[PDB]
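We've got the same protein chain twice here, in two forms, each standing alone as C-alpha cells: structure 1 and structure 2.
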Structure 1
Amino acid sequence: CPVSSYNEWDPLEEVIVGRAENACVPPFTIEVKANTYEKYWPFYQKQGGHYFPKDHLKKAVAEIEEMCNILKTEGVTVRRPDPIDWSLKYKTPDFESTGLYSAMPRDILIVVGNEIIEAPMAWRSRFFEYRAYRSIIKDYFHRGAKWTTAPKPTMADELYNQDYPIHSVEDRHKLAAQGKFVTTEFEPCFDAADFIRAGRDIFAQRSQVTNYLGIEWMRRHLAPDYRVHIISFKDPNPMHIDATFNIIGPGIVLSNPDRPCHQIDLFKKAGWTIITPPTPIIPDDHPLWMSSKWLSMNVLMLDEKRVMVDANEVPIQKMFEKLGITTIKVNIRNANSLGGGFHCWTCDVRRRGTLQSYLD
C-alpha cells in the first residue's frame, strides 16, 4: 500500500519530485499564448521547439537535487521521473507537436486515497507527458495501488477557441466571469493541479486548461466517497489552483490577496481560517516563463507544523513562524522559472493519515 494520501498536510512519507532535464519551450499555439505574459511572447516565438536556456536548466537541476537531499533528510522517500528528451516531435491524427517537460508532477498526477490518477492535460505539448512517470506508477500498481488514467483528449482544433482575445484585453475576465476560456467544452480536459484536496472534499476551478466536462468526469469518477466542489476566483488567467488557494492544514487556507475566492463565505461559515500571505519579493527582472510571482505561496507541507518554503521569501517565512509552523528553507529561484514552486514540483504519494471531513 505504497499509495495513500487524502489531503495536503498529513505527515509526508513518499513523494515524486519532477525533473528540469531537457525541458523544451512549447510551440507558441493559442493555449500557450493564453498563458504567457506579454513580456515573454517574443521568447516563445523564437524559442519554441528548442530547449529552455541550458545554463538556466543546470541551476534548476542543482536546486532540485538539493531539495531532494533535504526531503530525504526530513525522512521522505523520493522518486523521480525517467529522463526523457522532450524535443522529440510526435504526431497524432489530430495534431503535431514537440513536448514540454516533466518538471511538474502536480500538473499530471493526483493521489486520492490509494488511487493514483493521471490527468488528461489540455496542452498539445503535454500530450505524452505521462510517459516519464510510468515506471513509477507500474511499480505502485504491482504493489497494490489503484491506477486510473482520465480520458485522454483528441486535442483537435475544436477543443480550443482559436479566436480567444489572448492579445491582452483583459475582458477575459468577463469571459472568465461567464466560465469562458481558451478551452471549449468539446471534450473533457484538465490539469490535476486545478484540484486541491481536503479529505472527503476536493475543490476544483474551471480554468484555461480545466473545463466543466473535465471537472464533471472527476466528480462522477470519485462519487460517492468524495465530493468535488467548484470554486472561482477573481483571476483572468487561471491555470492551476495552488498559487491561489493553497490548503495547508485542517481548516486553514492560504488565499492569494490578488485572487479572492467568490465562495469565501462557504469556508468562513465552516469555521475555516483564511490567511492572506504577504507579497512576494522576487525581482521583476528574474524570468518566470510560465507563471506569476505568487509561487511564494505554493508551499508544500511536510506535516501540519513543517512547511518547505522558499529561502528568499522572508516575509512569508515570518508569517509561518508567527503561526508556530517550522520553516524548512530551500532555494528554488531558478526552478521557479519553469513555472512552479514546491507544491507544483512534487506529488505526495503517501501521507500518514485517514480519510476525514473538514467542512463539518
Structure 2
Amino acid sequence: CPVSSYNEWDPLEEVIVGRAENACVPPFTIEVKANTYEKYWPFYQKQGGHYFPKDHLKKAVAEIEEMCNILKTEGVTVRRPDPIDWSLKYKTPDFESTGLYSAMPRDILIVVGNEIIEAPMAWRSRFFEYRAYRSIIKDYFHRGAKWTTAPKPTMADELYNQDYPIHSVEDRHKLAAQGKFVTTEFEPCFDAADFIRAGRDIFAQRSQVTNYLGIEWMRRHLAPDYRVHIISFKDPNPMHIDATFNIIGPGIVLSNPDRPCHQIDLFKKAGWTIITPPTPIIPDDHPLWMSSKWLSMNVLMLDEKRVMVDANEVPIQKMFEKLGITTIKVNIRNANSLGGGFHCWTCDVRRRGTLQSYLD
C-alpha cells in the first residue's frame, strides 16, 4: 500500500505538499471573522474575493519549491495538488462563494493507517477544496489505499451563529471558554488539522471549525482500532491543533506555553515528556493573514531525530539541537502568511512503521 501512516514521527517516505498558486482571499463572512485576528479584518473586508497579493504569492511559490527540493534530497517522495483557479464563484442550494486555495493539505486530508480521509471543512470558501487533491487520491486508491470522505456539510446558515459576539480576540477566548463557537452542532463539520496522531490514540479539540458532531463522527468511524480523545486548551487558536500541541515522537510533545492543555496530567501520568518551546521571533510587521505567530512550533518530523524547522527561528532550532534532533532549516517566511508552517503545508501519506500505543 502506498498509503500508511500511524503517527507524526516514523521515517517519512511520501508526502503531499501544498500550492500557493491562485490563492484567493475568502469573502469576509462570520466564520472567517471568527478565525482571524482583528488586525486583518479590514483586509478581508476589502480584498475578499480577490487573489492574495501576487508579489507575496510569488515569493511563497519559490519558498515551497525549495522545500520540495529539500524533501526529495532527504529521500521523501513529493506529490503536489493540481493547479486550480480559486477565484471561481460556485453556488450550492445553500450558499454561494468563491474559493480559498490548496495550500494546506493538513487542513483537509488525514491519513490513519492505510486510509486517507477527506475532512468536510467548515468554511464556505473551502467547500470544493477537495478538487485539487482528487488526482493524487484516485491514484492511491487504484494502488490499494482505502479512501473516505466524511459527510460534506450543507453549510447552511444553521451551521453558524451569525451573531457570534466577537469584537476582539479577547472576546472569542472568553466565548470559547464558555463553550460558544461560531459553528453550531447543526451538522458534523471539521478540519483534519484539529486532529493529531499518536498510533492508537488520536487527539482532537472542539474548535471554531470542528464541532462535537464532527469529532463523534471520526470517533465512531475509527472505533475500535483507534481511540479519539478530546482535549482542550487555555486561549486556543480558533482553528487547528498543530501549533498548540504538536506531538513529535513517542511520548514527546511540544506544548505551546500560551495555550496550556487542561488535560496535561493525563499525559504526565503516561510518562510523556512535555516540552514548551521558546517564543517565536517572527517580526510583528510581517503579515500573517491567517494563523498566530506560533507557526515556529508547527514543525514536521522526517523521523524521530530529524525535524524540518524554520531557518529564521533560531531559538527553537537550538532547543531541538540540545535534544539531539538534527535540524533541517528551511525558510518559508512568506508561505507562513497563508496560514501555515511545515506541518500545515504537508500531509504525510507514508511513514515506515507499525500501529502502536504510546499512552500505554
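Numbers given to residues start at 1 and step along the sequence of structure 1. Note that the rigid core is defined as the largest set of C-alphas that superpose within 1.5 Å between two forms.
Student: Superposing on the core, which single option in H229, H286, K138, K174 has a CA shift of 2 Å or more between structure 1 and structure 2?
Tutor: By this measure, the answer is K174.
Student: Once the core is aligned, please say if the CA of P153 is shifted by at least 2 angstroms between structure 1 and structure 2.
Tutor: Result for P153: no, shift under 2 Å.
Student: Aligned on the rigid core, do the two forms place the Cα of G199 2 Å or more apart, comparing between structure 1 and structure 2?
Tutor: No; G199 is a residue whose C-alpha shifts by less than 2 Å between structure 1 and structure 2 when the cores are overlaid.
Student: So with the core overlaid, does the Cα of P238 end up 2 Å or more away between structure 1 and structure 2?
Tutor: Comparing the forms between structure 1 and structure 2, which are aligned on their rigid core, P238 does shift its C-alpha by 2 Å or more.
Student: Can you give the CA shift of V15 between structure 1 and structure 2, in Å, with the two forms fit on their core?
Tutor: The shift comes out to 0.0 Å.
Student: How many angstrom apart are the two C-alpha positions of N35 between structure 1 and structure 2, if you fit on the rigid core?
Tutor: Superposing on the rigid core gives a C-alpha shift of 1.2 Å for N35.
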